[PDB]
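File shown: protein_27.tsv (TSV, C-alpha atoms and all ligand atoms).
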chain	number	residue	atom	x	y	z
A	363	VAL	CA	94.87	51.64	130.34
A	364	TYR	CA	92.02	49.27	131.31
A	365	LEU	CA	93.21	46.15	133.08
A	366	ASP	CA	91.78	42.64	132.96
A	367	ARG	CA	90.08	41.85	136.31
A	368	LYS	CA	91.00	38.16	135.68
A	369	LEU	CA	94.72	38.92	135.99
A	370	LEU	CA	94.21	40.69	139.36
A	371	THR	CA	94.03	38.98	142.73
A	372	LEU	CA	93.10	41.03	145.79
A	373	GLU	CA	93.69	40.24	149.44
A	374	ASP	CA	90.64	40.55	151.70
A	375	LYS	CA	92.35	42.33	154.58
A	376	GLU	CA	92.56	45.95	153.41
A	377	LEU	CA	95.81	47.92	153.75
A	378	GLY	CA	93.85	51.03	154.47
A	379	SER	CA	90.59	52.90	154.45
A	380	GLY	CA	89.70	56.47	153.74
A	381	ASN	CA	86.52	58.51	153.36
A	382	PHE	CA	86.54	57.32	149.71
A	383	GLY	CA	86.66	53.52	150.27
A	384	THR	CA	89.61	51.08	150.61
A	385	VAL	CA	93.17	50.33	149.52
A	386	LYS	CA	93.87	46.60	149.07
A	387	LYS	CA	96.97	44.62	148.41
A	388	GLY	CA	96.99	42.59	145.23
A	389	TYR	CA	98.96	40.74	142.60
A	390	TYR	CA	98.71	41.60	138.91
A	391	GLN	CA	99.91	39.13	136.27
A	392	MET	CA	102.09	40.98	133.75
A	393	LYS	CA	103.59	39.46	130.55
A	394	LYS	CA	105.85	37.12	132.56
A	395	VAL	CA	106.11	38.13	136.22
A	396	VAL	CA	103.48	39.02	138.81
A	397	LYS	CA	103.67	42.57	140.08
A	398	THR	CA	102.65	43.41	143.65
A	399	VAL	CA	100.05	46.20	143.60
A	400	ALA	CA	98.20	48.59	145.87
A	401	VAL	CA	94.64	48.99	144.66
A	402	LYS	CA	92.35	51.95	145.41
A	403	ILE	CA	88.75	50.65	145.35
A	404	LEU	CA	85.89	53.09	145.65
A	405	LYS	CA	83.44	52.79	148.58
A	406	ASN	CA	79.89	51.44	148.05
A	407	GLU	CA	80.57	50.20	144.49
A	408	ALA	CA	81.48	53.58	142.92
A	409	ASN	CA	77.84	54.59	142.59
A	410	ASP	CA	78.86	58.13	143.74
A	411	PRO	CA	79.54	59.81	140.35
A	412	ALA	CA	81.78	62.53	141.81
A	413	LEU	CA	83.95	59.81	143.43
A	414	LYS	CA	84.22	57.95	140.18
A	415	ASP	CA	85.07	61.12	138.25
A	416	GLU	CA	87.71	61.91	140.87
A	417	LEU	CA	89.25	58.43	140.37
A	418	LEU	CA	89.38	58.74	136.57
A	419	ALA	CA	90.90	62.19	136.84
A	420	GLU	CA	93.42	60.81	139.40
A	421	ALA	CA	94.30	57.99	136.93
A	422	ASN	CA	94.59	60.50	134.09
A	423	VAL	CA	97.13	62.57	136.07
A	424	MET	CA	99.21	59.53	137.17
A	425	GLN	CA	99.37	58.15	133.62
A	426	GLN	CA	101.13	61.35	132.50
A	427	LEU	CA	103.86	61.24	135.20
A	428	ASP	CA	107.11	59.34	134.88
A	429	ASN	CA	109.57	59.98	137.67
A	430	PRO	CA	111.41	57.79	140.24
A	431	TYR	CA	109.77	59.63	143.17
A	432	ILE	CA	106.19	59.32	141.97
A	433	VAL	CA	104.14	56.16	142.33
A	434	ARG	CA	103.58	54.39	139.02
A	435	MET	CA	100.03	53.50	137.98
A	436	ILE	CA	99.51	50.18	136.18
A	437	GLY	CA	95.95	51.02	135.14
A	438	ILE	CA	92.29	51.15	136.07
A	439	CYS	CA	89.90	48.23	136.44
A	440	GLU	CA	86.09	48.46	136.23
A	441	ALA	CA	84.78	45.27	137.80
A	442	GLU	CA	82.86	45.05	141.10
A	443	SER	CA	83.86	48.64	141.97
A	444	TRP	CA	86.16	50.94	140.09
A	445	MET	CA	89.79	50.36	140.98
A	446	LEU	CA	93.06	52.21	140.46
A	447	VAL	CA	95.93	49.74	140.40
A	448	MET	CA	99.35	51.04	141.39
A	449	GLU	CA	102.80	49.59	141.94
A	450	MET	CA	102.98	48.69	145.64
A	451	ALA	CA	105.21	50.68	147.99
A	452	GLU	CA	105.48	48.02	150.66
A	453	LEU	CA	106.41	50.06	153.80
A	454	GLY	CA	103.28	52.25	153.44
A	455	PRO	CA	102.52	55.88	154.41
A	456	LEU	CA	105.40	57.92	155.86
A	457	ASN	CA	103.39	59.28	158.80
A	458	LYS	CA	102.39	55.83	160.06
A	459	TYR	CA	105.89	54.51	159.44
A	460	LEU	CA	107.44	57.20	161.63
A	461	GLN	CA	104.82	56.74	164.35
A	462	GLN	CA	105.87	53.07	164.53
A	463	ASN	CA	109.62	53.49	163.90
A	464	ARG	CA	110.78	56.23	166.23
A	465	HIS	CA	114.52	55.62	165.90
A	466	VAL	CA	114.82	56.63	162.25
A	467	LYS	CA	117.88	58.94	162.15
A	468	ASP	CA	117.74	62.62	161.17
A	469	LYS	CA	119.90	62.04	158.10
A	470	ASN	CA	117.46	59.36	156.95
A	471	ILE	CA	114.46	61.67	157.42
A	472	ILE	CA	116.28	64.35	155.44
A	473	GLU	CA	116.95	61.79	152.68
A	474	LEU	CA	113.26	60.85	152.44
A	475	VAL	CA	111.97	64.42	152.38
A	476	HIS	CA	114.65	65.25	149.79
A	477	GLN	CA	113.16	62.48	147.61
A	478	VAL	CA	109.74	64.04	148.00
A	479	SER	CA	111.26	67.42	146.96
A	480	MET	CA	112.73	65.77	143.84
A	481	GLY	CA	109.34	64.33	142.90
A	482	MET	CA	107.73	67.74	143.51
A	483	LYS	CA	110.40	69.53	141.49
A	484	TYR	CA	109.44	67.16	138.65
A	485	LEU	CA	105.71	67.95	139.15
A	486	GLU	CA	106.50	71.70	139.14
A	487	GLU	CA	108.53	71.36	135.93
A	488	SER	CA	105.58	69.38	134.43
A	489	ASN	CA	103.13	72.18	135.49
A	490	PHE	CA	101.00	69.98	137.75
A	491	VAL	CA	99.88	71.02	141.22
A	492	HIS	CA	99.45	68.22	143.76
A	493	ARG	CA	97.10	69.98	146.22
A	494	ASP	CA	97.22	67.18	148.83
A	495	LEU	CA	100.90	67.05	149.80
A	496	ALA	CA	100.99	65.55	153.29
A	497	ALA	CA	103.08	62.86	155.02
A	498	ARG	CA	100.10	60.44	154.74
A	499	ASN	CA	100.42	60.68	150.91
A	500	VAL	CA	104.12	59.83	150.81
A	501	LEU	CA	104.72	56.08	150.46
A	502	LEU	CA	107.88	54.21	151.46
A	503	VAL	CA	109.25	51.68	149.00
A	504	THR	CA	112.10	51.11	151.45
A	505	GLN	CA	113.24	52.97	154.56
A	506	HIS	CA	115.54	54.91	152.14
A	507	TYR	CA	113.20	55.42	149.15
A	508	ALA	CA	110.03	57.55	149.23
A	509	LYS	CA	107.46	58.13	146.49
A	510	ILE	CA	104.53	60.51	146.23
A	511	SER	CA	100.95	59.29	145.63
A	512	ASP	CA	97.34	60.52	146.08
A	513	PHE	CA	96.75	62.65	142.96
A	514	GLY	CA	92.98	62.92	143.56
A	515	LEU	CA	93.11	66.75	143.97
A	516	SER	CA	95.91	67.26	141.43
A	517	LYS	CA	95.44	69.57	138.41
A	518	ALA	CA	97.32	70.21	135.18
A	519	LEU	CA	97.86	73.94	134.98
A	520	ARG	CA	96.53	75.88	132.05
A	521	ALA	CA	99.23	76.93	129.63
A	522	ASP	CA	98.66	80.64	130.34
A	523	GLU	CA	98.52	80.48	134.17
A	524	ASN	CA	100.85	79.63	137.02
A	525	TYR	CA	97.91	78.58	139.26
A	526	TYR	CA	94.67	76.63	139.38
A	527	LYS	CA	91.67	78.64	140.63
A	528	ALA	CA	88.93	76.59	142.32
A	529	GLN	CA	85.21	77.34	141.93
A	532	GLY	CA	86.03	72.72	148.30
A	533	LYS	CA	86.43	69.99	150.97
A	534	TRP	CA	90.10	70.48	151.60
A	535	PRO	CA	93.05	69.49	153.78
A	536	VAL	CA	93.19	73.07	155.10
A	537	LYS	CA	95.99	72.36	157.58
A	538	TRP	CA	98.35	71.78	154.61
A	539	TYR	CA	97.15	74.80	152.59
A	540	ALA	CA	98.90	78.13	152.04
A	541	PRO	CA	97.11	81.43	152.76
A	542	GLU	CA	96.41	82.08	149.06
A	543	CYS	CA	94.59	78.74	148.75
A	544	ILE	CA	92.42	79.57	151.76
A	545	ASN	CA	91.80	83.24	150.93
A	546	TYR	CA	91.64	83.22	147.10
A	547	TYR	CA	91.28	79.56	146.10
A	548	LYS	CA	94.52	79.80	144.07
A	549	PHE	CA	96.83	76.78	143.90
A	550	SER	CA	100.34	77.03	142.47
A	551	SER	CA	103.50	74.97	142.86
A	552	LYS	CA	104.48	77.49	145.54
A	553	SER	CA	101.24	76.51	147.32
A	554	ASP	CA	102.60	72.97	147.22
A	555	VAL	CA	105.88	74.27	148.79
A	556	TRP	CA	103.87	75.54	151.77
A	557	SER	CA	102.29	72.06	152.07
A	558	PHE	CA	105.75	70.52	151.87
A	559	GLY	CA	106.85	72.62	154.89
A	560	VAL	CA	103.92	71.04	156.81
A	561	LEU	CA	105.01	67.62	155.54
A	562	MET	CA	108.59	68.29	156.79
A	563	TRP	CA	107.16	69.24	160.21
A	564	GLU	CA	105.21	65.96	160.26
A	565	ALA	CA	108.31	63.97	159.28
A	566	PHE	CA	110.52	65.47	162.01
A	567	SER	CA	107.67	65.02	164.58
A	568	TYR	CA	107.52	61.28	163.87
A	569	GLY	CA	104.10	61.50	162.25
A	570	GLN	CA	102.30	63.81	164.70
A	571	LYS	CA	99.31	65.64	163.22
A	572	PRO	CA	99.97	69.32	162.44
A	573	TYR	CA	98.08	72.05	164.31
A	574	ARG	CA	96.92	69.51	166.86
A	575	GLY	CA	93.65	70.38	168.58
A	576	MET	CA	92.87	73.29	166.26
A	577	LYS	CA	89.96	73.94	163.89
A	578	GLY	CA	90.77	75.11	160.36
A	579	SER	CA	89.51	78.65	161.21
A	580	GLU	CA	91.90	78.72	164.18
A	581	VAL	CA	94.82	77.65	161.93
A	582	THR	CA	93.97	80.40	159.43
A	583	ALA	CA	93.86	82.97	162.30
A	584	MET	CA	97.16	81.73	163.73
A	585	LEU	CA	98.91	82.02	160.35
A	586	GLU	CA	97.41	85.43	159.53
A	587	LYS	CA	98.93	86.63	162.88
A	588	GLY	CA	102.39	85.54	161.64
A	589	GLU	CA	102.59	82.59	164.03
A	590	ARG	CA	103.91	79.19	162.96
A	591	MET	CA	104.20	75.75	164.53
A	592	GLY	CA	107.18	75.41	166.84
A	593	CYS	CA	110.33	73.37	166.25
A	594	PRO	CA	109.81	69.58	166.81
A	595	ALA	CA	111.77	68.18	169.76
A	596	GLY	CA	115.19	67.25	168.47
A	597	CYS	CA	114.62	68.59	164.92
A	598	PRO	CA	117.82	69.89	163.17
A	599	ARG	CA	117.83	73.71	163.23
A	600	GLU	CA	118.52	73.96	159.49
A	601	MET	CA	115.44	71.81	158.79
A	602	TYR	CA	113.20	73.95	160.99
A	603	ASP	CA	114.59	77.06	159.27
A	604	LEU	CA	113.65	75.50	155.88
A	605	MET	CA	110.11	74.79	157.12
A	606	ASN	CA	109.73	78.48	158.04
A	607	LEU	CA	110.88	79.45	154.53
A	608	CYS	CA	108.29	77.14	153.00
A	609	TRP	CA	105.79	78.96	155.25
A	610	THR	CA	106.52	82.37	153.69
A	611	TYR	CA	103.17	84.21	153.55
A	612	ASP	CA	103.98	86.18	150.36
A	613	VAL	CA	103.87	83.84	147.34
A	614	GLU	CA	106.50	85.84	145.38
A	615	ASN	CA	109.13	85.47	148.14
A	616	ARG	CA	108.31	81.84	148.96
A	617	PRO	CA	110.80	79.46	147.22
A	618	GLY	CA	109.83	77.08	144.46
A	619	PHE	CA	110.76	73.39	144.52
A	620	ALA	CA	113.98	73.94	142.57
A	621	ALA	CA	115.29	76.00	145.51
A	622	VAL	CA	113.82	73.72	148.20
A	623	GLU	CA	115.32	70.61	146.54
A	624	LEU	CA	118.78	72.25	146.61
A	625	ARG	CA	118.43	72.93	150.35
A	626	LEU	CA	117.64	69.24	151.04
A	627	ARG	CA	120.62	67.84	149.20
A	628	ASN	CA	122.96	66.48	151.82
A	629	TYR	CA	125.91	66.15	149.35
A	630	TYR	CA	128.16	68.93	147.93
A	631	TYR	CA	126.93	70.48	144.65
A	632	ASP	CA	126.56	73.70	142.61
A	701	LIG	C1	101.36	49.09	153.90
A	701	LIG	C2	100.71	49.96	152.99
A	701	LIG	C3	99.55	50.64	153.38
A	701	LIG	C4	98.94	51.48	152.49
A	701	LIG	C5	97.77	52.09	153.00
A	701	LIG	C6	99.40	51.71	151.19
A	701	LIG	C7	100.57	51.01	150.78
A	701	LIG	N1	101.20	51.12	149.59
A	701	LIG	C8	100.85	51.90	148.56
A	701	LIG	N2	101.66	51.84	147.47
A	701	LIG	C9	101.38	52.60	146.36
A	701	LIG	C10	100.33	53.47	146.44
A	701	LIG	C11	99.54	53.57	147.58
A	701	LIG	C12	98.44	54.44	147.65
A	701	LIG	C13	97.60	54.62	148.74
A	701	LIG	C14	96.64	55.55	148.37
A	701	LIG	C15	95.53	56.04	149.11
A	701	LIG	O1	94.43	56.25	148.54
A	701	LIG	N3	95.74	56.21	150.41
A	701	LIG	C16	94.77	56.78	151.48
A	701	LIG	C17	94.14	55.74	152.31
A	701	LIG	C18	95.26	55.01	153.07
A	701	LIG	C19	96.14	55.88	154.11
A	701	LIG	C20	96.57	57.25	153.58
A	701	LIG	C21	95.46	57.80	152.46
A	701	LIG	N4	96.05	58.94	151.77
A	701	LIG	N5	96.93	55.89	147.08
A	701	LIG	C22	96.20	56.82	146.20
A	701	LIG	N6	98.05	55.22	146.67
A	701	LIG	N7	99.84	52.80	148.61
A	701	LIG	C23	101.20	50.16	151.74
Is it possible to give me this structure as C-alpha cells?
Ligand SMILES: Cc1cc(C)cc(Nc2nccc(-c3cc(C(=O)N[C@H]4CCCC[C@H]4N)n(C)n3)n2)c1
Amino acid sequence: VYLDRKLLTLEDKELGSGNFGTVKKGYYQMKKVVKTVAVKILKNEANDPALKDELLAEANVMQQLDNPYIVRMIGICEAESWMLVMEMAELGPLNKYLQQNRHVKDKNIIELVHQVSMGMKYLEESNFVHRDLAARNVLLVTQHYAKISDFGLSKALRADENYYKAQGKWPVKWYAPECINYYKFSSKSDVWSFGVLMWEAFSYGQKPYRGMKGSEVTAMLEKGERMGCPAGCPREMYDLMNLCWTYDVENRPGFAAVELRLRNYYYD
C-alpha cells in the first residue's frame, strides 16, 4: 500500500524521536475525509539499508493485522525519507501518559492493560511474536482505549514452530530468560514482557530495573528475584505480574489465560 506524498501533510514539530528517526503528526486525505496520522520517518533519509528493511518488514506485519487493540497502518510513503503512516492515537505512549497523569485510577489502569492483553491474545492466535512489548509501545486513543504499536522486531512464526530463533540489539529488560539465554521468542516470551509492561503501568511509567545493566538484570532473574510491588499496586495485579515472570516457559501462562485474569467483569 504505497501512499501519495501529495495527499499527506506533516507538521514540523515532531511528536517523538527514537534511535531510528522521528514520528510526526500529519493529515492524510482519504476518499472524502482527512484522517489524522502518526508518521514514522526514518533518520538521515533512510540511507541505512537495515533501517529501511526494518521499516518495510514492520509495514508488512502491520498490514496483516486487523484487531481493535492494534494500531492500523494506512500505508508506506517513499518521498524525502521512507515513512510508515499510521492512524493517530492522540494521547500518545502509555508510559509518558502515566508519568504526566498520576491520578489515573487502578480500575482504569487494569482496563488499559486488559486491552493490551486482548491485542496480544489476537497476535498469539495469529502466530506473530511482538518482541518489543513495553509501555512505551502502547498508544492511547483515549484514556480508556489502548492500542499496541511498534512492530519493528515482530516476526511471523514458521508453521512448524512455536518460536522464532534469532541468529541482536534488544530491549533486554523486557525479555524472558529463554530470549536472553537461547535467543528463542514465543508468545509466552511476550507474556513475560507483558508482566514488565504491567509493572510499568502500575508504577506510573517508571523504568523497570532502574539503575541496572542488562547483565545485572539477567543475574537478578536467574537468582529467582523479581521487581517489588509498586507503591499502591493492587495485590492481584502484582500476583499476575509474578505469574507472567514464570522462569519455566511450559508453566508460564499464554495470553488466553492472562486476558481472562484481566477481565474485570464476570465471565466463564
Ligand atoms: C502524542 C503522541 C506521541 C507519539 C510519540 C505518538 C503518538 N501517536 C501514535 N499513534 C499511532 C502510532 C504511533 C506510533 C509511534 C511509533 C514509534 O515509532 N514510536 C517510538 C518513538 C516515540 C516514543 C516511543 C517509541 N516506541 N510507532 C511505530 N507508532 N504513535 C502520539
- Message: Quick one: residues within 9 Å of residue 427 in chain A, all atoms listed in the file, excluding same-chain residues fewer than 5 positions away - as a PyMOL selection string?
- Response: chain A and resi 432-434+484-485+488
- Counting only C-alpha atoms and all ligand atoms, which protein, DNA or RNA residues come within 10 Å of ligand LIG 701 (chain A), given as a PyMOL selection string? chain A and resi 376-387+398-404+417+420-421+424+432-435+446-459+494-503+509-514
Convert the current residue selection to file output with C-alpha atoms, as an mmCIF file, keeping the file's coordinate frame.
data_model
loop_
_atom_site.group_PDB
_atom_site.id
_atom_site.type_symbol
_atom_site.label_atom_id
_atom_site.label_comp_id
_atom_site.auth_asym_id
_atom_site.auth_seq_id
_atom_site.Cartn_x
_atom_site.Cartn_y
_atom_site.Cartn_z
ATOM 1 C CA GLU A 376 92.560 45.950 153.410
ATOM 2 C CA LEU A 377 95.810 47.920 153.750
ATOM 3 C CA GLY A 378 93.850 51.030 154.470
ATOM 4 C CA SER A 379 90.590 52.900 154.450
ATOM 5 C CA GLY A 380 89.700 56.470 153.740
ATOM 6 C CA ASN A 381 86.520 58.510 153.360
ATOM 7 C CA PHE A 382 86.540 57.320 149.710
ATOM 8 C CA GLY A 383 86.660 53.520 150.270
ATOM 9 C CA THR A 384 89.610 51.080 150.610
ATOM 10 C CA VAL A 385 93.170 50.330 149.520
ATOM 11 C CA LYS A 386 93.870 46.600 149.070
ATOM 12 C CA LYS A 387 96.970 44.620 148.410
ATOM 13 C CA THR A 398 102.650 43.410 143.650
ATOM 14 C CA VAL A 399 100.050 46.200 143.600
ATOM 15 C CA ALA A 400 98.200 48.590 145.870
ATOM 16 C CA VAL A 401 94.640 48.990 144.660
ATOM 17 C CA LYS A 402 92.350 51.950 145.410
ATOM 18 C CA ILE A 403 88.750 50.650 145.350
ATOM 19 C CA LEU A 404 85.890 53.090 145.650
ATOM 20 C CA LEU A 417 89.250 58.430 140.370
ATOM 21 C CA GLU A 420 93.420 60.810 139.400
ATOM 22 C CA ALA A 421 94.300 57.990 136.930
ATOM 23 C CA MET A 424 99.210 59.530 137.170
ATOM 24 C CA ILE A 432 106.190 59.320 141.970
ATOM 25 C CA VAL A 433 104.140 56.160 142.330
ATOM 26 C CA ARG A 434 103.580 54.390 139.020
ATOM 27 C CA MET A 435 100.030 53.500 137.980
ATOM 28 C CA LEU A 446 93.060 52.210 140.460
ATOM 29 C CA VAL A 447 95.930 49.740 140.400
ATOM 30 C CA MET A 448 99.350 51.040 141.390
ATOM 31 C CA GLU A 449 102.800 49.590 141.940
ATOM 32 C CA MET A 450 102.980 48.690 145.640
ATOM 33 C CA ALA A 451 105.210 50.680 147.990
ATOM 34 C CA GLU A 452 105.480 48.020 150.660
ATOM 35 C CA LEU A 453 106.410 50.060 153.800
ATOM 36 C CA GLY A 454 103.280 52.250 153.440
ATOM 37 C CA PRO A 455 102.520 55.880 154.410
ATOM 38 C CA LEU A 456 105.400 57.920 155.860
ATOM 39 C CA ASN A 457 103.390 59.280 158.800
ATOM 40 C CA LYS A 458 102.390 55.830 160.060
ATOM 41 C CA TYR A 459 105.890 54.510 159.440
ATOM 42 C CA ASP A 494 97.220 67.180 148.830
ATOM 43 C CA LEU A 495 100.900 67.050 149.800
ATOM 44 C CA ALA A 496 100.990 65.550 153.290
ATOM 45 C CA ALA A 497 103.080 62.860 155.020
ATOM 46 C CA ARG A 498 100.100 60.440 154.740
ATOM 47 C CA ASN A 499 100.420 60.680 150.910
ATOM 48 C CA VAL A 500 104.120 59.830 150.810
ATOM 49 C CA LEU A 501 104.720 56.080 150.460
ATOM 50 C CA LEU A 502 107.880 54.210 151.460
ATOM 51 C CA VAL A 503 109.250 51.680 149.000
ATOM 52 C CA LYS A 509 107.460 58.130 146.490
ATOM 53 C CA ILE A 510 104.530 60.510 146.230
ATOM 54 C CA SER A 511 100.950 59.290 145.630
ATOM 55 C CA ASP A 512 97.340 60.520 146.080
ATOM 56 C CA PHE A 513 96.750 62.650 142.960
ATOM 57 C CA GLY A 514 92.980 62.920 143.560
#
Could you pull the residues within 10 Å of range 583-592 of chain A, counting all atoms listed in the file, minus those fewer than 4 positions along the same chain, as a PDB file with C-alpha atoms, in the coordinates of the input?
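Wrote it out as selection.pdb, contents follow:
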ATOM      1  CA  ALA A 540      98.900  78.130 152.040  1.00  0.00           C
ATOM      2  CA  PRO A 541      97.110  81.430 152.760  1.00  0.00           C
ATOM      3  CA  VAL A 560     103.920  71.040 156.810  1.00  0.00           C
ATOM      4  CA  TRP A 563     107.160  69.240 160.210  1.00  0.00           C
ATOM      5  CA  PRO A 572      99.970  69.320 162.440  1.00  0.00           C
ATOM      6  CA  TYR A 573      98.080  72.050 164.310  1.00  0.00           C
ATOM      7  CA  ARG A 574      96.920  69.510 166.860  1.00  0.00           C
ATOM      8  CA  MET A 576      92.870  73.290 166.260  1.00  0.00           C
ATOM      9  CA  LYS A 577      89.960  73.940 163.890  1.00  0.00           C
ATOM     10  CA  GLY A 578      90.770  75.110 160.360  1.00  0.00           C
ATOM     11  CA  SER A 579      89.510  78.650 161.210  1.00  0.00           C
ATOM     12  CA  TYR A 602     113.200  73.950 160.990  1.00  0.00           C
ATOM     13  CA  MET A 605     110.110  74.790 157.120  1.00  0.00           C
ATOM     14  CA  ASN A 606     109.730  78.480 158.040  1.00  0.00           C
ATOM     15  CA  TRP A 609     105.790  78.960 155.250  1.00  0.00           C
ATOM     16  CA  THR A 610     106.520  82.370 153.690  1.00  0.00           C
ATOM     17  CA  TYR A 611     103.170  84.210 153.550  1.00  0.00           C
TER      18      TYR A 611
END
- Item | Nearest residue to residue 443 in chain A from the set A:601, A:474, A:562, A:408 (distances using all atoms listed in the file) | A:408
Range 515-529 of chain A: axis-aligned bounding box, 5 Å on each side, centre and edge lengths in Å, one decimal, as lines of an AutoDock Vina configuration file:
center_x = 93.0
center_y = 73.7
center_z = 136.8
size_x = 25.6
size_y = 23.9
size_z = 24.3
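Across the model, the gap from CA of residue 468 in chain A to CA of residue 593 in chain A is 14.0 Å.
Going from CA of residue 409 in chain A over to CA of residue 445 in chain A, you cover 12.8 Å.
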- Query: Taking into account only C-alpha atoms, which residue in the set A:555, A:608, A:626, A:519 is nearest to residue 489 in chain A?
  - Reply: A:519
- Item | Residue among A:536, A:515, A:438, A:566 lying closest to residue 581 in chain A, counting only C-alpha atoms | A:536
